[PDB]
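S.K.: Structure below; questions to follow.
Each value in this text was obtained by applying a stated rule to the coordinates, not by laboratory testing. Here Cβ is always computed from backbone atoms with ideal geometry, including for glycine, and neighbour counts include all displayed protein chains.
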């Protein structure tokens, strides 16, 4: 249960070469200890592939790059020997138990509990395919509705290990069927988070916030990642979705976050960023924003691909907030608050304005920054005509097809 | 002008619903018409025989 | 026997005639049809001259366009009968575009843009074209008002713009058939 | 302004404060976004029924 | 052995023959033989291809022949002679049978039945060649005959429908021959090809058959488009006779493609948008139609760039078209970011790929559109900006060079600005808020005219299948 | 073969070349109909004139062209 | 994929016996699928797949961050650079 994600989390951080020197070498230690002790032997061969062009590599049976920036990476032959031994052993033991459960009738509850143990071993060693097969026999013998739901979650978890978002998605359709058959609120919370993490793994965060702000209140955890880890993810999803008034309630005034405090780096930076967006201290906003890039977005698996998008958005919001409270600004005032140069400021605005969330122009000549307001009845007219343009396209499109019939 | 435009588009959707449904009934009445022909053969015949 | 020494020169001259009359519509159609006889088989060797000019006019570099004409008089084949006309074509195109841009340009700024060699020609051209120079400022707005006044003078006119009354009468009768 | 207790804009290039209490919202327009919304969902439901025709 | 196989192909055909045949000698029922003819072609391709290649000669002996058996022997002779079990009493299935014309009745006197069977036979020849993938001599020979055959006689309503497909095969083989290889001959036959179809369109107007007319226009239009004659296509389409009466959705897809393309080079992009957006949707959406569909997608984006509008980056990404839509993505990106240096490298690099799809002449014109996007950004981002700063940003030559670009551009309303000459800047004039203007009324009326079109379009078509279906007998 | 000379020849000045334009035009006009539909006034000019005796031929061209037109 | 919603027009149009002939006729006009040339010229394609993962090979929602690089690195330098100038002004 416990190494299955924790080894993957550190192993992802270790892969990157776009992390800090220090953070990669701390991770590397946790990964390596856990291969030898827990018998993560096949996923360890797998992980030598996953760098490749990224550095660190120093393996004895698998490729190396010219630049080893790590040495808490080693392949040993003892690892391979062990595999062979341990494999046969676990397999032999349980098998015989299964045959014994066949001789004297006991096989409904106990043979499925034996096959649950077989998929956990299979899962331990990093085989999604053969874990799933064993977890398949568990179903066929007739068991409680509770047990059946617990098993499907485990299988979907093996999807996260190889960081395959589609493998997660497909399995979690089946849980949606059984969830109301058991009718539990306990395994529904697990569902909320399981989904939480899956929605966080894909681009769109709108669903994520909703599931994960709830997952602060009541959490039940069977092969689901730590409560400080879940808190961090929730602050990210809050920021994205919500605006001032709402935001302030949800993720600053939660009793749950306020009792958990900050003690670790990741939680700390994310938390301080969130108060500064609300409180209009824009000075201290950019040091927190930069900390958020290194310590929060990138070592995370479910935000490595959404890190670029999240920071870019953040720059858009904070400047856009400022703009809502202004009709005119000066270039220097605006630049000073951020703690950048006027030249540099024009440059960052000039990527963001065409696409537009800022709703501003800059008069370079009078030395002001001017703010245009299309919010009136004009705004509401533009909203409707566009939504209507689509209805007209669809009506046309289906209609030509039936008129042809 | 604006509520007249929105209401004009709304009636287009109800009428195009009706468009499809006439076309679904035709498909079913086709099946019925084919079985009918075997039955009409016996009906034509009875009139010749008597 | 489907080409000549003369042909390559001939296509160069026809392409200039379309440009000089400002039938740009037929200039592109004709080039499409022309393409597969001159692609690399006669190639562009003399044909460069209306082609490059064209590239500069599409881009809107009236400057690069002027230079290709100016250097275009050193090499004579007989293209000077259409270069002289294309010199004029440019001025009118510039003249139309600058009405929108501004109301006024000093006399000196007009000479440089609209390509003259005498300040007295610049002033004469303006008078004939219906811009009064009063106080050494041109009034581009004059001609524009006069053209516009003329469109309102002729009548076709009530339906094309469409009255409020007319829009609402059209709705009710579409329904009621 | 951000709280929206007078929702105005401060113009810093003249130092003048405009207070705007104006409605920038109208009922018809908001209800219209929902009405259109409804029809888009309906037209997906219609499309399934026409699948038989194809 | 051989005989067995020949009897089976013949038997299979007889069935197919019956379907279309029984209807047409009742009286013409134009629409219904047409739909069957579409199914019939597909089954015949498999029939001909397998179980030897001498089945066509046999099928001929089974039906009546004045000169039909003779003509068919010459076709077969070329691809090595056949006449074994292909002569009466061993390719003869009649012998007092009435569907295939009673033998007594055939000997006895006059009135022809040659008409429909002759026409049908020709169709089978076309298909026979096309499966083989030999054109050359056989095609030239077959071509010569069938044209004076259709005009000897005067066609029926049904007989029109068979030539509307027949011509498609004569057109296409000749295009492939002409594009193989260049000769003095290649130029000669092009002339003949245009002459026959265009006269045949005159006839077909008066006979009342829409399907012959619809196919002919497509073919003729493709012909101008190939040979780069913009001038010939512009006249054809302005002296309209295209039907929207009875066509396939196949035919509307071809027509709308040729129209969009032609219009593009002659500097009208707006109506071309309507035509190409229309064409894709009318075309059947399938994996065997992927050739025609793939060509339309490439054109459409290229046409969006010509307007100065930008089609989706989303478009190139989620497609399963990605391989072929490899050049366009960069062509859009180059224009979107408004860097002219990128655009010059792109159109060089993909020069071979684009030339095939013949958007290459359009890529040259898009260089205008680059500049347009690049100054559009500058005006939107900085309202008031000196020409000096625009030179820095986009590497223009001088103050003047950019002045002229804007000046030309705002006549067309692209940048939508006004220049301040004396103060040395460009001051942008967009400011929105036209809910004070009377502007919504025109906009709204164009939407109400689309909604009115949809209203007319349902009303006519709905009852029409219903009235036929009620008329036909039912329980 | 292509209608472009036949257009040029009516516009060419000399009586003999104008008579020639008519004769070429009428022989192939079911290939070449479109283009001479546009250039119809020159054809009506020749009809008018009693300084040609191929005036009849020019009224004849106009009847073929119209047939192909749809008018 | 194609104009409009590509998903809305794929189910509107599917195979019938009438339709199958017309698919072949359309294909054969240009000839082939026109989708064999790109694999031959390049002899195994080499697309834009390196820049990020919202590139040409993408199967998830686009983030629109392939038209622009990561400016966060740049910003680390810009922030520090400002502090130093500011300090002695």
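S.K.: Filter the stretch E:1-37 down to residues that are under 20 Å from residue E:249 (Cα atoms) and in contact (Cβ under 8 Å) with a residue 12 or more places away in the chain, then give me how many there are.
M.R.: 6
S.K.: Here is a follow-up. Kindly provide the set of residues from the stretch A:20-41 that are surrounded by fewer than 19 Cβ atoms within 10 Å (Cβ to Cβ) and in contact (Cβ under 8 Å) with a residue 60 or more places away in the chain, ordered by number.
M.R.: A:20, A:23, A:38
S.K.: If you don't mind, there's one more thing I want to ask. Taking the stated definitions as given, is residue E:280 more than 9 Å from every other protein chain (Cβ to nearest Cβ), assigned to a helix (DSSP H, G or I) and under 28 Å from residue G:14 (Cβ atoms)?
M.R.: It is false that residue E:280 is more than 9 Å from every other protein chain (Cβ to nearest Cβ), assigned to a helix (DSSP H, G or I) and under 28 Å from residue G:14 (Cβ atoms).
S.K.: So, one more: Out of the residues in the stretch E:424-475 that are touching a strand residue (DSSP E or B) at 6+ places or on another chain (Cβ under 9 Å) and assigned to a loop (DSSP other than H, G, I, E, B), state the one that is farthest from the other protein chains (Cβ to nearest Cβ).
M.R.: E:429
S.K.: Next question, about the same structure. For the stretch A:125-149, name all the residues that are crowded, with 21+ Cβ neighbours inside 10 Å and in contact (Cβ under 8 Å) with a residue 60 or more places away in the chain.
M.R.: The one that is crowded, with 21+ Cβ neighbours inside 10 Å and in contact (Cβ under 8 Å) with a residue 60 or more places away in the chain: A:126.
S.K.: Within the stretch A:58-74, does at least one residue satisfy the condition of being in contact (Cβ under 8 Å) with a residue 24 or more places away in the chain, within 17 Å of residue A:125 (Cα to Cα) and surrounded by 14 or more Cβ atoms within 10 Å (Cβ to Cβ)?
M.R.: No.
S.K.: Now for a different question. When you scan the stretch A:376-388, do you find a residue that is outside any helix (DSSP H, G or I), under 19 Å from residue D:9 (Cβ atoms), facing another protein chain (nearest Cβ under 7 Å) and within 38 Å of the chain's Cα centre (by Cα), even just one?
M.R.: Within the stretch A:376-388, none of the residues are outside any helix (DSSP H, G or I), under 19 Å from residue D:9 (Cβ atoms), facing another protein chain (nearest Cβ under 7 Å) and within 38 Å of the chain's Cα centre (by Cα).
S.K.: Ok, one more. What residue, of A:78, A:50, is surrounded by fewer than 16 Cβ atoms within 10 Å (Cβ to Cβ) and within 27 Å of the chain's Cα centre (by Cα)?
M.R.: A:50
S.K.: Here is a follow-up. Across the stretch A:192-223, which residue is nearest to residue A:309 (Cα to Cα) among those that are touching a residue at least 60 places away in the same chain (Cβ under 8 Å) and crowded, with 21+ Cβ neighbours inside 10 Å?
M.R.: A:205
S.K.: Considering only the stretch A:355-372, state which residues are more than 7 Å from chain E (Cβ to nearest Cβ), buried (at least 17 other Cβ atoms within 10 Å of the Cβ) and free of Cβ contacts under 8 Å to residues at least 40 places away in the same chain.
M.R.: Residue satisfying the conditions is A:360 alone.
S.K.: Sticking with this one: Out of (1) more than 21 Å from residue E:430 (Cα to Cα); (2) touching a strand residue (DSSP E or B) at 6+ places or on another chain (Cβ under 6 Å), the odd one out for residue E:379 is which?
M.R.: Tallying (1) more than 21 Å from residue E:430 (Cα to Cα); (2) touching a strand residue (DSSP E or B) at 6+ places or on another chain (Cβ under 6 Å), residue E:379 fails exactly one: (1).
S.K.: Looking at the stretch C:155-177, which of the residues that are at the interface with another protein chain (Cβ under 10 Å from one of its Cβ atoms) and not in a helix (DSSP H, G or I) is surrounded by the fewest Cβ atoms within 10 Å (Cβ to Cβ)?
M.R.: So the residue we want is C:177.
S.K.: Within the stretch B:5-50, work out how many residues are under 30 Å from residue C:173 (Cβ atoms) and more than 9 Å from chain E (Cβ to nearest Cβ).
M.R.: Number of matching residues: 8.
S.K.: Here's another thing I want to ask about it. Considering C:125, C:104, C:115, which residue is part of a loop (DSSP other than H, G, I, E, B) and either away from every other protein chain (no Cβ under 14 Å) or touching a helix residue (DSSP H, G or I) at 6+ places or on another chain (Cβ under 8 Å) (or both)?
M.R.: One residue alone meets the criteria, C:115.
S.K.: So which helices (runs of 4 or more DSSP H) are wholly in the stretch E:347-419 and hold at least 1 residues that are farther than 24 Å from residue C:104 by Cα and away from chain A (no Cβ under 14 Å)?
M.R.: Hits in the stretch E:347-419: E:351-357, E:360-381.
S.K.: Consider residue F:36 carefully, then state whether it is within 11 Å of chain E (Cβ to nearest Cβ), in a helix (DSSP H, G or I) and under 9 Å from the mean Cα position of the chain (by Cα).
M.R.: Judged against the criteria, residue F:36 is a match.
S.K.: Which residue is surrounded by the most Cβ atoms within 10 Å (Cβ to Cβ), if the candidates are limited to the stretch E:193-229 and must be in a loop (DSSP other than H, G, I, E, B) and free of Cβ contacts under 8 Å to residues at least 60 places away in the same chain?
M.R.: That would be E:228.
S.K.: Residues in the stretch A:343-350: is at least one farther than 30 Å from residue E:420 by Cα and either more than 9 Å from chain D (Cβ to nearest Cβ) or in contact (Cβ under 8 Å) with a residue 60 or more places away in the chain (or both)?
M.R.: Within the stretch A:343-350, none of the residues are farther than 30 Å from residue E:420 by Cα and either more than 9 Å from chain D (Cβ to nearest Cβ) or in contact (Cβ under 8 Å) with a residue 60 or more places away in the chain (or both).
S.K.: Could I ask something else about it? Which residues, taken from the stretch G:61-73, are touching a helix residue (DSSP H, G or I) at 6+ places or on another chain (Cβ under 8 Å) and either assigned to a helix (DSSP H, G or I) or exposed (fewer than 10 other Cβ atoms within 10 Å of the Cβ) (or both)?
M.R.: Across the stretch G:61-73, the qualifying residue is only G:72.
S.K.: Okay, moving on. I'd like the full set of residues that are outside any helix (DSSP H, G or I) and either surrounded by 13 or more Cβ atoms within 10 Å (Cβ to Cβ) or within 29 Å of the chain's Cα centre (by Cα) (or both), limited to the stretch E:1-53.
M.R.: Across the stretch E:1-53, the qualifying residues are E:28, E:29, E:30, E:51, E:52, E:53.
S.K.: Give the residues of the stretch G:74-85 that are under 19 Å from residue A:346 (Cβ atoms) and surrounded by fewer than 12 Cβ atoms within 10 Å (Cβ to Cβ), sorted by residue number.
M.R.: Those that are under 19 Å from residue A:346 (Cβ atoms) and surrounded by fewer than 12 Cβ atoms within 10 Å (Cβ to Cβ): G:77, G:85.
S.K.: Still on this model: How about the stretch A:20-59: which of its residues are assigned to a loop (DSSP other than H, G, I, E, B) and under 21 Å from residue A:87 (Cβ atoms)?
M.R.: A:39, A:40, listed by residue number.
S.K.: What tally of residues in the stretch C:76-133 results from selecting those that are surrounded by 15 or more Cβ atoms within 10 Å (Cβ to Cβ), more than 16 Å from the chain's Cα centre (by Cα) and touching a residue at least 40 places away in the same chain (Cβ under 8 Å)?
M.R.: 1
S.K.: I would also like to ask the following. Only one of F:6, F:22 is away from chain E (no Cβ under 11 Å), over 25 Å from residue E:237 (Cα atoms) and in a helix (DSSP H, G or I). Can you tell me which?
M.R.: Going through F:6, F:22 in turn, the sole match is F:22.
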